[PDB]
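One structure below.
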Amino acid sequence: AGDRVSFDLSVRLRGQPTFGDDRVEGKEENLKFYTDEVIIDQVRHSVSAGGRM
Amino acid sequence: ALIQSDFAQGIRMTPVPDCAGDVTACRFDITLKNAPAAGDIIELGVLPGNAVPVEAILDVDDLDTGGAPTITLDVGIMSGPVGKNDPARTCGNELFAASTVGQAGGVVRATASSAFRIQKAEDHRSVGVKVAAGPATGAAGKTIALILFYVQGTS
Amino acid sequence: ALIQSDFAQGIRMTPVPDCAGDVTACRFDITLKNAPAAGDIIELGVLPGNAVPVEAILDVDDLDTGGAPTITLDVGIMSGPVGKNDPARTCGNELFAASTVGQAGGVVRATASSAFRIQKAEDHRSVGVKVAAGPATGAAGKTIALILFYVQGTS
Amino acid sequence: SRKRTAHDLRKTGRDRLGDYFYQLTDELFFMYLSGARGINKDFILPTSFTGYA
Amino acid sequence: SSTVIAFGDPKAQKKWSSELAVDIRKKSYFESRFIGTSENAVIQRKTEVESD
């Protein structure tokens with residue numbers, strides 16, 4: 001395939017931790033991602049050795 | 001001029017029920033120190049996803065000290081994503097419609113007919129307070145709290 | 001004279017908690033195709049077995065059209081089995097004692113001392129509003145809603 | 001262009017060309033027998049095409 | 001909360017099918033049963049001008 005690449009950056013999990021034996025089945029830290037786009041197109045050039053003479 | 005809370009920045013996560021029909025509530029609060037002003041979109045907390053608010057409670061302090069205060073607070077569901085410091089973001093008046101509890105304090109419960117008719121969406125939305133009327137000189141370091149009851153997996 | 005909402009025919013099921021003390025709420029609602037008239041028993045929601053009401057917001061749209069409105073709604077635990085579709089059903093006023101909401105689209109909470117003290121039965125019961133007093137001349141298609149914070153496994 | 005697509009354009013080009021020539025032979029037979037190109041819009045040959053060779 | 005990728009987020013990976021649905025060729029009417037050598041054939045093939 002091709003024409004594009006889309007890679008992601010994951011933000012670090014900042015969040016107040018739960019001390020002293022509370023419950024954490026509810027307060028579940030959610031992952032967030034940022035993305036961008038990379039587009040590719042070929043670049044070509046042509047050197048030319050001369051004629052047989 | 002957004003005054004972005006702790007819950008919006010992600011520094012304090014919001015609960016989600018592990019089942020449908022469980023009512024999950026958390027205290028969306030701030031200790032704002034620059035004092036409120038006209039047109040400050042205060043982003044308290046976030047609906048955690050496919051969740052519909054089912055009971056809304058404010059717990060503001062005496063946020064405008066003086067004679068005949070004109071302060072108003074209309075919470076609502078903000079437009080853009082969570083935790084994006086964009087002044088262009090707007091806040092509607094769905095959940096509350098110009099509560100006057102900032103004048104003296106106390107607690108107000110949801111009374112608008114649109115409080116319980118919020119439609120769910122697949123990505124987190126943020127509930128924000130807008131001080132639509134610039135109050136008299138308001139004390140700094142005053143707390144604002146919006147205790148939401150939201151139920152997930154509605155029909 | 002029975003208006004079976006989607007929550008009673010079985011089209012939409014109701015949430016039941018998977019624990020004890022875990023409150024549960026679901027927005028029982030109707031889209032009244034016709035207009036309310038005296039004697040109608042709007043079967044809107046079902047209260048699951050072994051559950052007792054703990055708090056109940058009744059939220060309705062503007063059910064009147066003219067001045068001096070007189071529509072009154074009372075909410076009770078209807079006697080018959082769920083989805084019987086039988087006019088012999090009785091209804092009652094255990095939850096709301098002829099609430100004055102409906103004269104203007106608004107929000108009312110359980111202000112009675114009998115709504116919070118309801119016994120439990122091991123079989124499903126249907127919660128249904130009844131139009132006790134006939135509405136003033138004029139009505140249209142509006143949504144009657146009733147969220148019901150019930151909890152299972154009390155004692 | 002071939003990078004931007006998962007398909008192998010050479011094989012599908014050859015297959016479509018074979019398809020096209022089969023269809024062209026059929027078309028050409030009906031046009032010669034009928035004596036006029038007509039107005040058919042699915043025909044390969046253009047309007048006003050009056051025979052080859 | 002709970003992680004959600006959402007529908008419109010450009011992280012929604014999209015897979016392209018490799019099978020090419022093809023407009024099926026219309027069955028040519030003048031098949032081998034018509035184009036035949038010798039007289040008894042609606043379309044007569046001329047055996048000349050293949051060799052030589």
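Ligands are numbered from 1 in the order shown, chains are lettered A, B, ... in the order of the structure tokens, and residues start at 1 in each chain.
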Practice problem: Compile the residues of chain B that lie within 12 Å of chain A, evaluated using only C-alpha atoms, and express the compilation as a ChimeraX atom specification. | Solution: /B:6-19,22-26,48-49,81-83,123-124
Quiz prompt | Sel. of alpha helix (DSSP H) residues, chain D, as a VMD selection string | solution = chain D and resid 9 to 34
Mind writing the picked residues with C-alpha atoms as an mmCIF file, in the first residue's frame?
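Now in selection_6.cif:
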data_model
loop_
_atom_site.group_PDB
_atom_site.id
_atom_site.type_symbol
_atom_site.label_atom_id
_atom_site.label_comp_id
_atom_site.auth_asym_id
_atom_site.auth_seq_id
_atom_site.Cartn_x
_atom_site.Cartn_y
_atom_site.Cartn_z
ATOM 1 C CA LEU D 9 -2.936 -2.727 -12.211
ATOM 2 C CA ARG D 10 -0.989 -4.666 -14.860
ATOM 3 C CA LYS D 11 -3.063 -7.839 -14.472
ATOM 4 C CA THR D 12 -6.373 -5.978 -14.350
ATOM 5 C CA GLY D 13 -5.304 -3.927 -17.363
ATOM 6 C CA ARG D 14 -4.610 -7.071 -19.360
ATOM 7 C CA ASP D 15 -7.912 -8.602 -18.259
ATOM 8 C CA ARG D 16 -9.910 -5.479 -19.125
ATOM 9 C CA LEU D 17 -8.213 -5.305 -22.519
ATOM 10 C CA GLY D 18 -9.182 -8.898 -23.285
ATOM 11 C CA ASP D 19 -12.727 -8.110 -22.174
ATOM 12 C CA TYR D 20 -12.758 -5.041 -24.399
ATOM 13 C CA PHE D 21 -11.600 -6.893 -27.502
ATOM 14 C CA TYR D 22 -14.171 -9.658 -26.994
ATOM 15 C CA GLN D 23 -16.893 -7.022 -26.714
ATOM 16 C CA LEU D 24 -15.510 -5.163 -29.740
ATOM 17 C CA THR D 25 -15.662 -8.243 -31.955
ATOM 18 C CA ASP D 26 -19.290 -8.820 -30.966
ATOM 19 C CA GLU D 27 -20.156 -5.149 -31.548
ATOM 20 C CA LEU D 28 -18.447 -5.128 -34.918
ATOM 21 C CA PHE D 29 -20.340 -8.199 -36.092
ATOM 22 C CA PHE D 30 -23.709 -6.664 -35.226
ATOM 23 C CA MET D 31 -22.760 -3.346 -36.814
ATOM 24 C CA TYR D 32 -21.725 -4.947 -40.108
ATOM 25 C CA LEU D 33 -24.765 -7.230 -40.268
ATOM 26 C CA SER D 34 -27.242 -4.486 -39.375
#
Quiz prompt | Within 7 Å of chain A: residues of chain E, using only C-alpha atoms, as a PyMOL selection string | solution = chain E and resi 1-3
Quiz item: What does the distance from CA of residue 136 (chain B) to CA of residue 64 (chain B) come to in Å, to one decimal?
Solution: 6.3 Å
Quiz item: When you draw a straight line from CA of residue 120 (chain B) to CA of residue 155 (chain B), how long is it in Å?
Solution: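 For CA of residue 120 (chain B) relative to CA of residue 155 (chain B), the distance reads 9.6 Å.
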Practice problem: Calculate how many Å separate CA of residue 104 (chain C) from CA of residue 141 (chain C), rounding to one decimal. | Solution: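 These atoms are spaced 14.5 Å apart.
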Self-check item: Shell of 10 Å around residue 38 (chain D), only C-alpha atoms, local chain residues under 3 positions omitted, as an MDAnalysis selection string
Solution: chainID D and resid 31 34:35 41 43 46:49
Quiz item: Given a cut-off of 8 Å, which residues of chain E touch chain D, counting only C-alpha atoms, written out as a ChimeraX atom specification?
Solution: /E:16,18-20,25-26,28-30
Self-check item: Contacts of residue 86 (chain B) at 9 Å (only C-alpha atoms; same-chain gap of 3+ positions) as a PyMOL selection string
Solution: chain B and resi 1-2+80+83+89
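Between chain B and the residues C:43, C:94, C:29, C:122, the shortest atom-to-atom distance, using only C-alpha atoms, involves C:29.
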Go through chain B and flag each residue having an atom no more than 10 Å from chain C; for those, report the closest pair of atoms plus their distance in Å to one decimal, using only C-alpha atoms, ordered by chain and rising number, as JSON lines.
{"residue": "B:19", "atom": "CA", "partner": "C:17", "partner_atom": "CA", "distance": 8.0}
{"residue": "B:20", "atom": "CA", "partner": "C:15", "partner_atom": "CA", "distance": 6.4}
{"residue": "B:21", "atom": "CA", "partner": "C:15", "partner_atom": "CA", "distance": 5.1}
{"residue": "B:22", "atom": "CA", "partner": "C:24", "partner_atom": "CA", "distance": 4.9}
{"residue": "B:23", "atom": "CA", "partner": "C:24", "partner_atom": "CA", "distance": 5.8}
{"residue": "B:24", "atom": "CA", "partner": "C:23", "partner_atom": "CA", "distance": 9.0}
{"residue": "B:52", "atom": "CA", "partner": "C:27", "partner_atom": "CA", "distance": 9.8}
{"residue": "B:54", "atom": "CA", "partner": "C:147", "partner_atom": "CA", "distance": 7.8}
{"residue": "B:55", "atom": "CA", "partner": "C:57", "partner_atom": "CA", "distance": 8.6}
{"residue": "B:109", "atom": "CA", "partner": "C:109", "partner_atom": "CA", "distance": 9.7}
{"residue": "B:110", "atom": "CA", "partner": "C:107", "partner_atom": "CA", "distance": 7.7}
{"residue": "B:111", "atom": "CA", "partner": "C:107", "partner_atom": "CA", "distance": 5.2}
{"residue": "B:112", "atom": "CA", "partner": "C:106", "partner_atom": "CA", "distance": 6.4}
{"residue": "B:113", "atom": "CA", "partner": "C:106", "partner_atom": "CA", "distance": 5.5}
{"residue": "B:114", "atom": "CA", "partner": "C:106", "partner_atom": "CA", "distance": 9.4}
{"residue": "B:115", "atom": "CA", "partner": "C:107", "partner_atom": "CA", "distance": 9.1}
{"residue": "B:116", "atom": "CA", "partner": "C:27", "partner_atom": "CA", "distance": 8.1}
{"residue": "B:117", "atom": "CA", "partner": "C:27", "partner_atom": "CA", "distance": 9.1}
{"residue": "B:149", "atom": "CA", "partner": "C:25", "partner_atom": "CA", "distance": 9.8}
{"residue": "B:150", "atom": "CA", "partner": "C:25", "partner_atom": "CA", "distance": 9.4}
{"residue": "B:151", "atom": "CA", "partner": "C:25", "partner_atom": "CA", "distance": 7.3}
{"residue": "B:152", "atom": "CA", "partner": "C:26", "partner_atom": "CA", "distance": 9.7}
{"residue": "B:153", "atom": "CA", "partner": "C:15", "partner_atom": "CA", "distance": 9.5}
{"residue": "B:154", "atom": "CA", "partner": "C:26", "partner_atom": "CA", "distance": 7.3}
{"residue": "B:155", "atom": "CA", "partner": "C:12", "partner_atom": "CA", "distance": 7.6}
Would you please extract all strand (DSSP E or B) residues from chain A, as assigned by DSSP on the backbone, and give them as an mmCIF file with C-alpha atoms, in the first residue's frame?
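Done, and the output landed in selection34.cif:
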data_model
loop_
_atom_site.group_PDB
_atom_site.id
_atom_site.type_symbol
_atom_site.label_atom_id
_atom_site.label_comp_id
_atom_site.auth_asym_id
_atom_site.auth_seq_id
_atom_site.Cartn_x
_atom_site.Cartn_y
_atom_site.Cartn_z
ATOM 1 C CA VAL A 5 1.316 7.167 7.100
ATOM 2 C CA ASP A 8 0.000 8.429 17.011
ATOM 3 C CA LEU A 9 1.429 10.050 20.128
ATOM 4 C CA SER A 10 0.068 8.923 23.493
ATOM 5 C CA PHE A 33 -3.916 9.937 21.349
ATOM 6 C CA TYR A 34 -2.848 12.682 18.963
ATOM 7 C CA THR A 35 -2.172 12.002 15.301
ATOM 8 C CA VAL A 38 2.802 11.786 6.409
#
